[PDB]
Every structure is written in structure tokens, then in C-alpha cells.
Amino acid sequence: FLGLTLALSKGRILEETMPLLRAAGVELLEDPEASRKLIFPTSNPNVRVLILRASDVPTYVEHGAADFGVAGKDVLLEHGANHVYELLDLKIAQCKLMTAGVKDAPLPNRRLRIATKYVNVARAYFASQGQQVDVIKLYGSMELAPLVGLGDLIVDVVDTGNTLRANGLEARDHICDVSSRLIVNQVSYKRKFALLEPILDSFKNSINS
């Protein structure tokens, strides 16, 4: 495939990216949410879309299996963004990385154990608080961990806070704001700039309003 391959993920990233794509002249020809297919043509024959797990977007873009992609800052921080270029903050799929635990549970006076998917972000954040923590790696449902006593806190993304509230948890610390970012393969940026440029300019214009 000679053109550009764009990496997206299902849910909020797909939904909130599509209007940027539309204004940039790119529209999907069916709903990826309703297909098991993974590669999708678009209204532009030079652009195709990969639908990936959010955690795999940086990986595909880094290796050049996608030329560019839309990834959450949370995923970028966790994966490491040293081998892609972060070109734009798209200001979509906004949320916060936070620490949380059982409401009014006292913290134990010992090395804390942090149940989380975000092991690198947990370690770096807690290091900034003077804290060398243990991490317990999980793949999902962080909110259960404090209810069964797995770790002392979690680190997870919080949007409305409804998940935390539904489970008797409250945010302890705000780590950072998260939004989806446009990332580009370091070589594709150089080799396919004439294809990327009008799309980047459109996105940038769109984000201003």
C-alpha cells in the first residue's frame, strides 16, 4: 500500500476522530464497530484505517505498520513516545490519570502497592512524590482491585468519575490531563510528508474551532 495507513482505536477515539477526518476529506465507508475486519478503506484512496487496541496504536506507528495514528496521552506515556513524533494535541477523548482508593481508607505506613495497567506512569508519578512503590500489573477493571484488597491504590483514567463513585472509591491524586494525540512514524514523516501535510493542516485548523 503506497498511501497512508492511519491507526485508530474503537469507542471514543474513533467517534471523536471521524469529524476531523471528514473535514480533512477522509470518511470511512462502513462502521468498524460493527465489523470483525481490521483494515478499512476510506473515501480517499490514499488513506486506510487500522482499528487497533488503544495500547497497540503507538506500537504500530513506531514500527511503521501505520504511518500515523491517534493515541491517548495515557497510552503514550505508558508505552514511551521516544520513537514516534507527537505532532498535535487533538483535544479529544479528554480524561485524567488519577490515583484512587477506597473512600476514606487510611494509607498503610509501608511501601505502597499500586494496582494498575499504567505501571511506568504509576512508578514515575509516585517517584515524584518521594515514593518508591511496588506495582501490580493488571490488564483491566482497576476499580475491583481496592474492593478485594489487591494493592492499596490504583492508577487509572477517570473521566466523569462515575466508575470510582459506583464502587465506593474516590480519586486521591490528579496525575495529569489526558487527551488523544496525533503521532507519526519518524520515517513516514520524512518520506510521506506531502500526503500527511494537508491532513495535518486540516486537523490543526479543526482543533482551533
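Numbers follow the displayed sequence, beginning with 1.
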property: Residue range whose averaged C-alpha B-factor is higher in the record, 31 to 39 or 159 to 167; result: 31 to 39
property: Residue range whose averaged C-alpha B-factor is higher in the record, 85 to 93 or 102 to 110; result: 102 to 110
property: Position of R172 among the chain's modelled residues by C-alpha B-factor, lowest, middle or highest third; result: highest
property: Position of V26 among the chain's modelled residues by C-alpha B-factor, lowest, middle or highest third; result: middle
property: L4 - Cα temperature factor, lowest/middle/highest third of chain; result: middle
property: Third assignment of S209 from its chain's C-alpha B-factors; result: highest
property: Lowest, middle or highest third - CA B-factor, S180; result: middle
